[PDB]
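Note sheet for the following structure.
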Amino acid sequence: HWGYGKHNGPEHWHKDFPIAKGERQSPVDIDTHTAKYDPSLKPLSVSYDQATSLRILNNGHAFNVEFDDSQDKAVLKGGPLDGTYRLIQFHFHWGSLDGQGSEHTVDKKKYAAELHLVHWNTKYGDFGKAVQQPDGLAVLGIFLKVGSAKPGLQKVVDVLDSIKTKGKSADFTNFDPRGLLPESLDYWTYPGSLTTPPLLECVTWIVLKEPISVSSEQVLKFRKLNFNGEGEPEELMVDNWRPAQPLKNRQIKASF
Ligand SMILES: O=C1NS(=O)(=O)c2ccccc21
Ligand SMILES: [Hg+2]
Ligand SMILES: [Zn+2]
Ligand SMILES: [Zn+2]
């Protein structure tokens, strides 16, 4: 019954998911002075023009915006990646306060939140097979800071009222994820894992350097979500982030 509380939080996950203490866990701190420019990286290609969203779901630990991945539409390619990866969902991690909420950290700085756009390697046929492979997933991670509002986020903010509690979903078509991207695609990359149980080590992380800014009002509505289900005592959905994990035998590479 994993979660982020005192008795079921990240320091407890290893009992049910021993890979929590593995050799390529995520997230990590990005030490900007140790990450090296890699000129062997190909230009990154984020092609979300034909993305088609279907639904939004509160799964008891975050909310997922799900996409139709039955065809070749929204794809991530290039950069560190061999081949093409298909968008299946995005979600966020955020804090109870503006001073924390991100998973990755940059010179130990915590951002207010972090966007994860999840993609699976189409060479493995579906998501389920891809998460049995060391290169089965690519997560594009984007930091959020509190400042000016992000117009492209408002449609997400505005449906959260209808999925307050665990297991609630709402139709969510025609959402364009291009509206969540910053100007620059400069990034850091490293091999890692899912940051939630089952913490599978299948992910090529691509973490953008440029944060997007969101309004205090926008992230306060994230914090009105519930971890609990309908009719249960209210436990606000905040601090659904895993702290930085040991880098072990990994190198973070810079695209810039
Ligand atoms: O919660 C998550 N954070 S993540 O982007 O590593 C990820 C990948 C796949 C499934 C879930 C999750
Ligand atoms: Hg894997
Ligand atoms: Zn959950
Ligand atoms: Zn995530």
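The chains in the structure tokens are called A, B, ... from first to last as shown; in each chain the residues are counted from 1, and the ligands are counted from 1 in the order shown.
By only C-alpha atoms, and with residues fewer than 3 positions from segment 16-29 of chain A along its chain excluded, the set lying at most 7 Å from it is residues 13, 103, 104, 105, 106, 107, 108, 191, 192, 193, 194, 195, 197, 198, 199, 201, 243, 244, 245, 246, 247 and 248 of chain A.
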Within-9 Å residues of ligand 1, basis only C-alpha atoms and all ligand atoms, as a JSON list (two decimals) with N, CA and C atoms, in the first residue's frame:
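Everything below was put into pocket00.json:
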```json
[["chain", "number", "residue", "atom", "x", "y", "z"],
["A", 26, "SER", "N", 16.12, 6.46, -9.87],
["A", 26, "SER", "CA", 15.71, 7.84, -10.09],
["A", 26, "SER", "C", 14.73, 8.33, -9.04],
["A", 27, "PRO", "N", 14.70, 9.63, -8.77],
["A", 27, "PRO", "CA", 15.50, 10.65, -9.42],
["A", 27, "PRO", "C", 16.91, 10.75, -8.83],
["A", 61, "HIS", "N", -2.04, 8.70, -6.46],
["A", 61, "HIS", "CA", -0.69, 9.22, -6.19],
["A", 61, "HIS", "C", -0.33, 10.42, -7.05],
["A", 62, "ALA", "N", -0.94, 10.67, -8.18],
["A", 62, "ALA", "CA", -0.81, 11.85, -9.00],
["A", 62, "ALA", "C", -2.03, 11.88, -9.91],
["A", 64, "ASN", "N", -2.91, 11.41, -14.09],
["A", 64, "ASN", "CA", -2.31, 11.14, -15.38],
["A", 64, "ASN", "C", -3.19, 11.70, -16.50],
["A", 89, "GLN", "N", 1.49, 9.02, -21.62],
["A", 89, "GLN", "CA", 0.83, 9.78, -20.59],
["A", 89, "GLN", "C", 1.81, 10.85, -20.09],
["A", 90, "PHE", "N", 1.26, 11.84, -19.40],
["A", 90, "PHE", "CA", 2.10, 12.74, -18.61],
["A", 90, "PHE", "C", 1.43, 12.91, -17.25],
["A", 91, "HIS", "N", 2.25, 13.33, -16.32],
["A", 91, "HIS", "CA", 1.81, 13.65, -14.98],
["A", 91, "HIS", "C", 2.84, 14.57, -14.31],
["A", 92, "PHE", "N", 2.51, 14.99, -13.10],
["A", 92, "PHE", "CA", 3.38, 15.84, -12.30],
["A", 92, "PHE", "C", 3.67, 15.27, -10.91],
["A", 93, "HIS", "N", 4.73, 15.75, -10.30],
["A", 93, "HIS", "CA", 5.06, 15.65, -8.90],
["A", 93, "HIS", "C", 5.17, 17.07, -8.32],
["A", 115, "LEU", "N", 7.15, 18.03, -14.26],
["A", 115, "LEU", "CA", 6.37, 17.37, -15.28],
["A", 115, "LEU", "C", 7.09, 16.16, -15.85],
["A", 116, "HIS", "N", 6.42, 15.01, -15.88],
["A", 116, "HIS", "CA", 6.97, 13.83, -16.54],
["A", 116, "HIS", "C", 6.14, 13.45, -17.77],
["A", 117, "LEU", "N", 6.73, 13.53, -18.96],
["A", 117, "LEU", "CA", 6.08, 13.05, -20.18],
["A", 117, "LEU", "C", 6.69, 11.68, -20.49],
["A", 118, "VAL", "N", 5.84, 10.67, -20.36],
["A", 118, "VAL", "CA", 6.28, 9.28, -20.45],
["A", 118, "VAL", "C", 6.08, 8.69, -21.85],
["A", 119, "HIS", "N", 7.12, 8.06, -22.37],
["A", 119, "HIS", "CA", 7.16, 7.50, -23.71],
["A", 119, "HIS", "C", 7.79, 6.10, -23.72],
["A", 131, "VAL", "N", 8.61, -2.21, -20.55],
["A", 131, "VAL", "CA", 9.13, -2.06, -19.19],
["A", 131, "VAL", "C", 9.77, -3.36, -18.71],
["A", 137, "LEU", "N", 11.83, 2.80, -22.01],
["A", 137, "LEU", "CA", 11.10, 4.04, -21.79],
["A", 137, "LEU", "C", 11.98, 5.27, -21.93],
["A", 138, "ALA", "N", 11.36, 6.40, -22.29],
["A", 138, "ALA", "CA", 12.04, 7.70, -22.24],
["A", 138, "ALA", "C", 11.11, 8.66, -21.52],
["A", 139, "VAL", "N", 11.57, 9.26, -20.44],
["A", 139, "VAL", "CA", 10.82, 10.29, -19.75],
["A", 139, "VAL", "C", 11.49, 11.65, -19.98],
["A", 140, "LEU", "N", 10.68, 12.56, -20.53],
["A", 140, "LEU", "CA", 11.06, 13.97, -20.68],
["A", 140, "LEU", "C", 10.58, 14.69, -19.43],
["A", 141, "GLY", "N", 11.57, 15.17, -18.67],
["A", 141, "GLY", "CA", 11.22, 15.84, -17.43],
["A", 141, "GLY", "C", 11.39, 17.34, -17.51],
["A", 192, "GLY", "N", 18.13, 5.72, -15.88],
["A", 192, "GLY", "CA", 17.54, 5.57, -14.57],
["A", 192, "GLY", "C", 16.32, 4.68, -14.52],
["A", 193, "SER", "N", 15.35, 5.02, -13.67],
["A", 193, "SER", "CA", 14.21, 4.20, -13.35],
["A", 193, "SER", "C", 12.90, 4.97, -13.28],
["A", 194, "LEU", "N", 11.82, 4.21, -13.17],
["A", 194, "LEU", "CA", 10.57, 4.81, -12.70],
["A", 194, "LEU", "C", 10.79, 5.42, -11.32],
["A", 195, "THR", "N", 10.18, 6.53, -10.97],
["A", 195, "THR", "CA", 10.36, 7.12, -9.62],
["A", 195, "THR", "C", 9.25, 6.68, -8.68],
["A", 196, "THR", "N", 8.32, 5.85, -9.14],
["A", 196, "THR", "CA", 7.23, 5.28, -8.35],
["A", 196, "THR", "C", 7.31, 3.77, -8.45],
["A", 197, "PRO", "N", 6.88, 3.07, -7.42],
["A", 197, "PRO", "CA", 6.78, 1.60, -7.52],
["A", 197, "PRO", "C", 6.05, 1.23, -8.79],
["A", 198, "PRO", "N", 6.55, 0.27, -9.57],
["A", 198, "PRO", "CA", 7.58, -0.68, -9.19],
["A", 198, "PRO", "C", 9.04, -0.34, -9.47],
["A", 199, "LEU", "N", 9.36, 0.93, -9.69],
["A", 199, "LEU", "CA", 10.70, 1.47, -9.77],
["A", 199, "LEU", "C", 11.62, 0.80, -10.79],
["A", 200, "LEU", "N", 10.99, 0.38, -11.88],
["A", 200, "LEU", "CA", 11.70, -0.42, -12.88],
["A", 200, "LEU", "C", 12.79, 0.38, -13.58],
["A", 202, "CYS", "N", 14.15, 1.11, -16.48],
["A", 202, "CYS", "CA", 13.92, 0.99, -17.91],
["A", 202, "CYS", "C", 14.02, 2.33, -18.62],
["A", 203, "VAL", "N", 14.43, 3.40, -17.93],
["A", 203, "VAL", "CA", 14.16, 4.74, -18.39],
["A", 203, "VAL", "C", 15.42, 5.46, -18.81],
["A", 205, "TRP", "N", 16.32, 9.07, -18.98],
["A", 205, "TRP", "CA", 15.84, 10.37, -18.51],
["A", 205, "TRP", "C", 16.39, 11.48, -19.39],
["A", 241, "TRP", "N", 6.54, 13.32, -4.25],
["A", 241, "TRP", "CA", 7.83, 13.25, -4.90],
["A", 241, "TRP", "C", 8.77, 12.32, -4.13]]
```
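Minimum atom-to-atom distance to residue 178 of chain A, evaluated using only C-alpha atoms, belongs to A:47 out of A:34, A:240, A:47, A:59.
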Requested in this report: Would you kindly return, as a ChimeraX atom specification, each protein, DNA or RNA residue with an atom no farther than 10 Å from any atom of residue 126 of chain A, considering only C-alpha atoms and excluding same-chain residues fewer than 6 positions away?
Outcome: /A:69-70,86,120,136
DSSP alpha helix (DSSP H) selection over segment 7-253 of chain A, as a ChimeraX atom specification:
/A:127-130,154-159,216-222
request  = Tell me, as a ChimeraX atom specification, which residues lie within 8 Å of residue 10 of chain A, counting only C-alpha atoms; anything in the same chain fewer than 5 positions away does not count.
outcome  = /A:3-4,242-243
Print the selection's residues with C-alpha atoms to a file, as a PDB file, in the first residue's frame.
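File produced: part-v9.pdb:
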```pdb
ATOM      1  CA  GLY A   3       2.431   6.110  -0.769  1.00  0.00           C
ATOM      2  CA  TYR A   4       4.276   9.181   0.379  1.00  0.00           C
ATOM      3  CA  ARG A 242      10.639  10.789  -4.326  1.00  0.00           C
ATOM      4  CA  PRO A 243      13.902  12.341  -3.086  1.00  0.00           C
TER       5      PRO A 243
END
```
**Study point:** Shell around residue 67 of chain A at 10 Å using only C-alpha atoms, local window under 6 positions removed, as a VMD selection string
**Key:** chain A and resid 51 to 56 73 to 74 86 to 90 172 to 175
Please produce an output containing N, CA and C atoms for each residue in the selection, written as an mmCIF file, in the first residue's frame.
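Wrote result23.cif, looks like this:
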```cif
data_model
loop_
_atom_site.group_PDB
_atom_site.id
_atom_site.type_symbol
_atom_site.label_atom_id
_atom_site.label_comp_id
_atom_site.auth_asym_id
_atom_site.auth_seq_id
_atom_site.Cartn_x
_atom_site.Cartn_y
_atom_site.Cartn_z
ATOM 1 N N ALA A 51 -0.626 14.747 -31.289
ATOM 2 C CA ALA A 51 -0.950 14.012 -30.077
ATOM 3 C C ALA A 51 -2.442 14.032 -29.826
ATOM 4 N N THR A 52 -2.963 12.881 -29.365
ATOM 5 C CA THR A 52 -4.400 13.012 -29.060
ATOM 6 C C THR A 52 -4.630 12.363 -27.666
ATOM 7 N N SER A 53 -5.038 13.236 -26.747
ATOM 8 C CA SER A 53 -5.297 12.895 -25.372
ATOM 9 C C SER A 53 -6.681 12.275 -25.312
ATOM 10 N N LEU A 54 -6.931 11.510 -24.267
ATOM 11 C CA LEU A 54 -8.232 10.864 -24.118
ATOM 12 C C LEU A 54 -8.908 11.197 -22.810
ATOM 13 N N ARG A 55 -8.123 11.140 -21.732
ATOM 14 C CA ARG A 55 -8.721 11.139 -20.400
ATOM 15 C C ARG A 55 -7.720 11.648 -19.372
ATOM 16 N N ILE A 56 -8.265 12.073 -18.248
ATOM 17 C CA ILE A 56 -7.448 12.401 -17.086
ATOM 18 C C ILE A 56 -7.938 11.597 -15.882
ATOM 19 N N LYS A 73 1.937 8.859 -33.426
ATOM 20 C CA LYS A 73 1.569 10.275 -33.386
ATOM 21 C C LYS A 73 2.620 11.110 -32.647
ATOM 22 N N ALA A 74 2.456 11.348 -31.371
ATOM 23 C CA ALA A 74 3.321 12.057 -30.460
ATOM 24 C C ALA A 74 4.594 11.266 -30.193
ATOM 25 N N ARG A 86 7.010 6.574 -28.118
ATOM 26 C CA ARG A 86 5.633 7.031 -28.199
ATOM 27 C C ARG A 86 5.080 7.501 -26.868
ATOM 28 N N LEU A 87 4.438 8.678 -26.885
ATOM 29 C CA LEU A 87 3.825 9.272 -25.730
ATOM 30 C C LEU A 87 2.610 8.464 -25.293
ATOM 31 N N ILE A 88 2.598 8.150 -24.002
ATOM 32 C CA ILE A 88 1.479 7.412 -23.464
ATOM 33 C C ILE A 88 0.758 8.204 -22.398
ATOM 34 N N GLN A 89 1.485 9.021 -21.622
ATOM 35 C CA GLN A 89 0.832 9.777 -20.588
ATOM 36 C C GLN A 89 1.807 10.848 -20.089
ATOM 37 N N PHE A 90 1.264 11.842 -19.400
ATOM 38 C CA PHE A 90 2.098 12.737 -18.612
ATOM 39 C C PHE A 90 1.432 12.910 -17.251
ATOM 40 N N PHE A 172 -10.907 13.941 -21.437
ATOM 41 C CA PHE A 172 -9.935 15.024 -21.561
ATOM 42 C C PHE A 172 -9.329 14.960 -22.957
ATOM 43 N N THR A 173 -10.141 15.272 -23.978
ATOM 44 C CA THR A 173 -9.657 15.164 -25.351
ATOM 45 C C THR A 173 -9.117 16.518 -25.817
ATOM 46 N N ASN A 174 -8.373 16.469 -26.901
ATOM 47 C CA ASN A 174 -7.878 17.645 -27.602
ATOM 48 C C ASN A 174 -6.985 18.560 -26.770
ATOM 49 N N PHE A 175 -6.327 18.090 -25.724
ATOM 50 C CA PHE A 175 -5.283 18.771 -24.987
ATOM 51 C C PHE A 175 -3.961 18.686 -25.748
#
```
task = Please report, as number ranges by chain, each residue of segment 116-209 of chain A to which DSSP assigns strand (DSSP E) when run on this structure's backbone.
result = A: 116-121, 137-146, 169-171, 187-192, 203-208
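Between atom CA of residue 176 of chain A and atom 1 (Hg, counted along the ligand's line) of ligand 2 the separation is 28.9 Å.
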